[PDB]
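A.B. asks: I would like the atomic coordinates for the input below:
(6 chains, ligands or ions: 2)
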Amino acid sequence: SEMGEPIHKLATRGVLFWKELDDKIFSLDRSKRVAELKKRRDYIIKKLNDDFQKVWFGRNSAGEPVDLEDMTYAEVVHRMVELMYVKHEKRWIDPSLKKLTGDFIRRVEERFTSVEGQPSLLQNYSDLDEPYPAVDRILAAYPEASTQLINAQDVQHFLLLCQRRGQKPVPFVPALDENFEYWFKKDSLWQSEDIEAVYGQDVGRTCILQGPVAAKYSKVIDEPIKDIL
Amino acid sequence: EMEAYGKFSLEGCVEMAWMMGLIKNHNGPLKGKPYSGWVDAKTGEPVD
Amino acid sequence: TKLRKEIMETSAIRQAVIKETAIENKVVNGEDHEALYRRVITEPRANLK
Amino acid sequence: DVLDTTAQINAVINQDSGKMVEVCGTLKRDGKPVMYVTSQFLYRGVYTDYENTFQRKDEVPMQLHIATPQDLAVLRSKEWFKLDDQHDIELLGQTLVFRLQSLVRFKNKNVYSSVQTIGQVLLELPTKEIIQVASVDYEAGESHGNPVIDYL
Amino acid sequence: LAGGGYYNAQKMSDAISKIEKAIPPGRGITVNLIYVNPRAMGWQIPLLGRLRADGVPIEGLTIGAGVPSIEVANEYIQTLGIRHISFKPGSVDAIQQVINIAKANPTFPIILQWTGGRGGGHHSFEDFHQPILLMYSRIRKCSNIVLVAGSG
Amino acid sequence: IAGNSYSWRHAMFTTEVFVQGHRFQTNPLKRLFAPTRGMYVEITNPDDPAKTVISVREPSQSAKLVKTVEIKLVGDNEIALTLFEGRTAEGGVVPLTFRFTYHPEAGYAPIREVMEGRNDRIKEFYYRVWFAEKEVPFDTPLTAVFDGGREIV
Ligand SMILES: NC(=O)c1ccc[n+]([C@@H]2O[C@H](COP(=O)([O-])OP(=O)(O)OC[C@H]3O[C@@H](n4cnc5c(N)ncnc54)[C@H](OP(=O)(O)O)[C@@H]3O)[C@@H](O)[C@H]2O)c1
Ligand SMILES: Cc1cc2nc3c(=O)[nH]c(=O)nc-3n(C[C@H](O)[C@H](O)[C@H](O)COP(=O)(O)O)c2cc1C
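C.D. replies: Numbers count the residues shown, from 1 in each chain, chains lettered A, B, ... in the order given. Ligands and ions are numbered 1, 2, ... in the order given. There you are, the coordinates:
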C-alpha cells in the first residue's frame, strides 16, 4: 500500500509495475528516492504511460509524451480535460476534478490578461459540463496560451492544485517528485469498479483485489448473488 | 524598458523586484496552508 | 451650491440603493448562492516571455 | 366569573428535540380579553413533515430615523414600503416606527419555504398625534432571512 | 457495509438510509470500519451510534485490520446500541486479544471472523490452520464467541 | 413469561426489537414487565396459543390490585397490547391499544407494529381521557380558532 501495508491483487500489468517500484523506488529512504527516479525517469514514464492505472500527464499536442515543464498552457488545460472527462460518456470522473480543470483554466486567463476589468470567460463551472466544445472558446480568447509553455511558477501552482484537500486524487502522475508515491498509489481501487473511466479502459493496468486461493473458486461471470449464496 | 518607454512594465518591475531582492519565490506551507509564488523577501508574506 | 447638492445627492442615493438591494440578496439567496454568481474578474499576472 | 376560552395555533415548528406546538389562549370576561395564556408543547421525536410548519411572530418595534434625503430615498426605494396619501408630511428630519407582523412557513429547518411581512409605519407629530404615514408589505418564498426586518 | 469507501460523513449516513428502506423490515445492518484509519472512524463510530438511537437498523459493527484494546472495545459495545460486535484477528496473539475482549463482556455477541494469509488485500503472514489449531480450545471456552472461518 | 413453546407469546417477550416501518424499536414489554413491588401476571390458556391472555395487576395507591396491561390476539395476526388508565375525565377506565402483526418467516424480527393510525388512535385516547368526548376535530385547519367555551370559576 501507500501506507506500506501488504495487499493481494490481480497481477495486472499495472500491479506488476507497481510491485516494481515497491522494490526499486519505494524501497529507498525518502531522500535517495527522488534521485533514483530521475535516473529511470523515461523508463518509469513509459511503464507509466503504457500499463498503469494512472498515466503520465506529459502528453504534447502531437501525441508524444514530454515534461510537464515543456507543455504549453493550452496543451495542459487540454490534457486535463482528456484525462478527467470521459468523452464517450459525457461525464467527469468527479465534479471536483471538473472544478480543478476549471480553476487552472481561470489561471491561464490571469497569466494572459494584463489589465483590470476584463471578466472571466469561464464564469460558471457549469460551462465545463460539455467542456471540449466550450474550452476551445476560452483558450482561443487568450491566443498566446498556445504559443508558450507554463511559467515555472505556474507548474508549481498546477502541482499544488492536484493536491488540494477535498478533491479526488488526480487520475495521473504530474511529475516524479518527492510525492511520487502519493501520485502513484492514492485512491487506486475505484478504477477497478469503473474501467470505463480508465485510459484505454483495459483492466490490464488496473488494481483488483483477490485472494490467492479463492481465484479458481470463481468460473462464471455475472452470477446473481442469491444464486451463489 | 527604461531607455525606450521611460518606465517599467509589471514584467519589468517583477524582474527588478527580483534582482533587488524585494521578492522571492516560495513553494511550501505559508502559515499552515500551502502556497507557491511570489513572497515579500522582508516579510514572509505572499505578494500578488 | 444648489446644483452641487443635487448632483452629490442623486448620485449618493443611486449607489446607496445598489448596496442596499445587493445586500438584501445576500439575505434572501444566502451567502452561498450570491457568492458563486459574481463576475469573476481575472487578476492580471505577469509572464516573462 | 364567566370566562370564554379562545385559542389558536401561533406556530407549529419541528425542533431537533421533537416537534413544537405554540398555542395562544385568550380568556375573556364580559367580551373583553383579560389574560392570554400562551403555551408550548413538545412531540419529542424526528420530524420531516415540514409542509405544515409555520409561524406568526410579532416582530419587534423598530425606530428608523430619516436624516438624509438619501436615507429617505432608500426607504422609498423599497418595494415593500408603501406611502399613504393622508398627507405629504416630509418624512425628512423625522423618525418612523415600524410595528410589523409577519408570517413564515418553513421547509428546511434552515430555509424559509415562504415569508410574508406586513405592518404599520407610524409617525408622531409635534402634537403627539400618531399617524399611519405608510404601510409594509413584503412577500417571498425560498427565503433564508427576512430582508425587511434586516433593513430596519 | 464497507465503511472504507465512505469519506464524507454525509454520503455514508445517506447510503445507510437507502439500505434501511429497501430492506426486509426487521433485518439488521452491519458496518465494517477500518482501524488503521482512526481519522475516518473519528466520525464514523459516533455517527453509527447516533443513527441507531434515531431508529436506524444498525445492530452490527465490524472492525478490520486491527483489534481495539479492551476498553477501546468496551466503549463501542456500550456506547452505540449494536446487538453484536465483530473483530478480524490475523495473528496468533491477535486472537488472544479478542478472547479477552470476550471475557470482558461475558454477555455479548462477538463474531470472530478468522482470516488467513490468503485473503484479498490485507493479509497476515499466517497459515490459517495452525493458529486456530493452537487456539480453538481457548476460543471455544468463551461462550460469547462466534468462530467464523474465512479466507480462500 | 416467554415460555418454551415458540409462539406469539414467546416472541413478544423474546425479541428486543419491534420493527416500526423500517425503524427498530426497543421491546416495551421490557419496561412494562420489569419486576415491581406486588405486581401480578396471569397467562390464560398458556399452552393453547391463539387463546392465550397475558395480564398485569399492580397495586394502585388506593387499591389492592388493578388492571395494568393485557395482550390478547385479534384477527389472526394482530396482537393487541393494551394499557388501562383508571383516573380519567369520565371517571372510568380507558384503554389504549397498540397493534402488532407477526410473520415467523423472519425469526429475527418476528414482531412488527401497525402504526398507520397510531397517531390518531392515541390522540383519540387522550381526547377521551381529557375532555370525555370520544370524537376529535382531526380535520380542523390550524388557522382556525378553537373553542373552550363558557366557564364559571
Ligand atoms: N483490509 C483490507 O483488506 C483493505 C483493503 C482495501 C482497503 N482497505 C482500507 O480501506 C481504506 C480505503 O483505502 P483506499 O485505498 O480506498 O484509500 P486511499 O488510497 O488511502 O485514499 C482514498 C482517498 O481518496 C479521496 N477521495 C476519493 N474520492 C473523493 C471525492 N469524491 N471527494 C473527496 N475526496 C475523495 C479521499 O480523501 P480523504 O483523504 O480526504 O478522505 C479518500 O480518503 C483504507 O483505510 C485502507 O487501508 C483495507
Ligand atoms: C476488493 C477487496 C476489499 C476488502 N476490504 C476489507 C475491509 O474494508 N475491512 C476488512 O476487515 N477486510 C477487507 N477485505 C478482506 C475480507 O474482509 C476477507 O477477510 C477476505 O477477503 C476473505 O478471504 P477471500 O478473499 O479468500 O474470500 C477485502 C478483500 C477484497 C478482495
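A.B. asks: can you get me a residue count around residue D:135?
C.D. replies: Here the number of neighbours of residue D:135 (other C-beta atoms under 10 Å in any protein chain shown) works out to 15. For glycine as for every other residue, the C-beta is placed from the backbone atoms N, C-alpha and C.
A.B. asks: quick check: residue E:81 is in a strand.
C.D. replies: No. Applying DSSP: H, G, I helix; E, B strand; the rest coil, one finds residue E:81 to be coil, outside a strand.
A.B. asks: can you show me the helices along the chain?
C.D. replies: I went with chain A, as the question did not name one. A:13-24, A:30-39, A:41-51, A:73-84, A:95-112, A:131-141, A:152-161, A:180-185, A:225-228 (DSSP state H).
A.B. asks: chain C is the one I meant
C.D. replies: C:2-28, C:30-35.
A.B. asks: centroid-nearest residue for the chain?
C.D. replies: If you meant another chain, say so; for now it's chain A. With distances taken as C-alpha atoms, centre = their mean, chain A has residue A:172 as the residue nearest its mean C-alpha position (1.9 Å).
A.B. asks: that's the other chain; I wanted chain E
C.D. replies: Taking C-alpha atoms, centre = their mean, chain E has its central residue at residue E:62, 1.9 Å away.
A.B. asks: identify the residues contacting that one.
C.D. replies: E:30-33, E:85-88, E:111, E:113 (C-beta atoms under 8 Å, 6 or more residues apart in numbering or on different chains).
A.B. asks: what's the closest non-adjacent residue to the residue in chain D that chain F sits nearest to?
C.D. replies: Distances between chain D and chain F by C-beta to the nearest C-beta are smallest at residue D:5, namely 2.3 Å. Closest residue in space to residue D:5, ignoring its immediate chain neighbours: residue F:148 at 2.3 Å, by C-beta to C-beta, 6 or more residues apart in numbering or on different chains.
A.B. asks: got it, and residue F:9?
C.D. replies: For residue F:9, the spatially nearest residue (C-beta to C-beta, 6+ apart) is residue F:52, at 5.5 Å.
A.B. asks: so is stretch A:111-125 next to chain C?
C.D. replies: Yes. For stretch A:111-125, a contact with chain C is found by C-beta under 8 Å from any C-beta of the partner chain, at A:111-120, A:122-124.
A.B. asks: restricted to buried residues, select the residues you listed in PyMOL.
C.D. replies: Buried members of those, defined by 16 or more other C-beta atoms under 10 Å in any protein chain shown, are picked up in PyMOL with:
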select buried, chain A and resi 111+112+113+120+122
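A.B. asks: let me have the residues of stretch A:111-125 next to chain C in TSV, extended by distance to ligand 2.
C.D. replies: What follows is the residues of stretch A:111-125 next to chain C, written out as TSV (distance: C-beta to the nearest ligand atom, whole Å):
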residue	distance to ligand 2
A:111	43
A:112	45
A:113	48
A:114	52
A:115	54
A:116	52
A:117	53
A:118	50
A:119	47
A:120	42
A:122	38
A:123	42
A:124	38
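A.B. asks: among the residues of stretch A:111-125 next to chain C, which two are most distant?
C.D. replies: A:114 and A:124 (24.1 Å; C-beta to C-beta).
A.B. asks: ok, and the closest non-adjacent residue to residue E:7?
C.D. replies: Using C-beta to C-beta, 6+ apart, the closest residue to residue E:7 is residue E:40 (7.6 Å).
A.B. asks: ok, how many other residues are close to the one you found?
C.D. replies: Neighbours of residue E:40 (other C-beta under 10 Å): 18.
A.B. asks: so who does the residue of chain D closest to chain F touch?
C.D. replies: With C-beta under 8 Å, 6+ apart, residue D:5 has these contacts: D:25-27, F:147-149, F:151.
A.B. asks: could you measure from the residue of chain F found nearest chain C over to ligand 2?
C.D. replies: With C-beta to the nearest C-beta as the measure, residue F:143 is the residue of chain F nearest to chain C, at 25.8 Å. According to C-beta to the nearest ligand atom, to the nearest Å, residue F:143 and ligand 2 sit 54 Å apart.
A.B. asks: so who does that residue touch?
C.D. replies: D:8-9.
A.B. asks: now it, what's its secondary structure?
C.D. replies: Strictly by three-state DSSP, residue F:143 counts as coil.
A.B. asks: what sits against residue F:146?
C.D. replies: Per C-beta under 8 Å, 6+ apart, neighbours of residue F:146: D:6-9, F:137, F:140.
A.B. asks: try it again with 7 Å
C.D. replies: D:7-8 (C-beta atoms under 7 Å, 6 or more residues apart in numbering or on different chains).
A.B. asks: run a quick neighbour tally on the residue in chain F that ligand 2 sits nearest to.
C.D. replies: Closest contact between chain F and ligand 2, by C-beta to the nearest ligand atom, is at residue F:108 (22.9 Å). Residues near residue F:108, counting by other C-beta under 10 Å, number 13.
A.B. asks: so it makes contact with residue E:26?
C.D. replies: Yes. If you go by C-beta atoms under 7 Å, residue F:108 and residue E:26 touch, sitting 5.8 Å apart.
A.B. asks: where along chain E do the strands fall?
C.D. replies: Here chain E has its strands, by DSSP state E, at E:29-34, E:58-64, E:84-87, E:110-111, E:145-146.
A.B. asks: quick one: closest of those to residue D:106.
C.D. replies: The nearest among these, by C-beta to C-beta, is strand E:58-64 at 29.2 Å.
A.B. asks: only alpha carbons, please: show the closest one as PDB.
C.D. replies: Extracted as PDB, the C-alpha positions of strand E:58-64 are listed here (Å, rounded to 0.1, in the frame of the first residue of the first chain):
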ATOM      1  CA  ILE E  58     -27.900  -0.900  12.800                       C
ATOM      2  CA  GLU E  59     -27.200  -3.700  15.200                       C
ATOM      3  CA  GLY E  60     -23.900  -4.800  13.700                       C
ATOM      4  CA  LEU E  61     -20.400  -3.400  14.000                       C
ATOM      5  CA  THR E  62     -17.200  -4.800  12.500                       C
ATOM      6  CA  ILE E  63     -13.600  -3.500  13.000                       C
ATOM      7  CA  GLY E  64     -11.000  -4.500  10.400                       C
END
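A.B. asks: what about it, near ligand 2?
C.D. replies: Yes. Using C-beta under 6 Å from any ligand atom, we find that strand E:58-64 touches ligand 2 at residue E:64.
A.B. asks: that strand near ligand 1 anywhere?
C.D. replies: Yes. Interface with ligand 1: strand E:58-64 contributes residue E:64 (C-beta under 6 Å from any ligand atom).
A.B. asks: give the pairing partners of that strand; include direction for each.
C.D. replies: strand E:29-34 (parallel), strand E:84-87 (parallel) (DSSP bridges).
A.B. asks: now find how far off-centre the shortest one is within its chain.
C.D. replies: Put simply, strand E:84-87 sits 4 Å off its chain's centre (C-alpha atoms, centre = their mean, to the nearest Å).
A.B. asks: who touches that strand?
C.D. replies: E:59-63, E:67, E:76-77, E:98, E:101, E:108-113.
A.B. asks: same question, the first one
C.D. replies: If you take C-beta under 7 Å, 6+ apart as the criterion, strand E:29-34 is touched by E:1-4, E:19-20, E:40-41, E:44-45, E:48, E:57-58, E:60-65.
A.B. asks: buried subset of those?
C.D. replies: E:1, E:3-4, E:19-20, E:40-41, E:44-45, E:48, E:57-58, E:60-65.
A.B. asks: kindly tell me how buried the residue in chain E that chain B sits nearest to is, as a neighbour count.
C.D. replies: Closest residue of chain E to chain B, C-beta to the nearest C-beta: residue E:39 (17.6 Å). Residue E:39: 9 surrounding residues under other C-beta under 10 Å.
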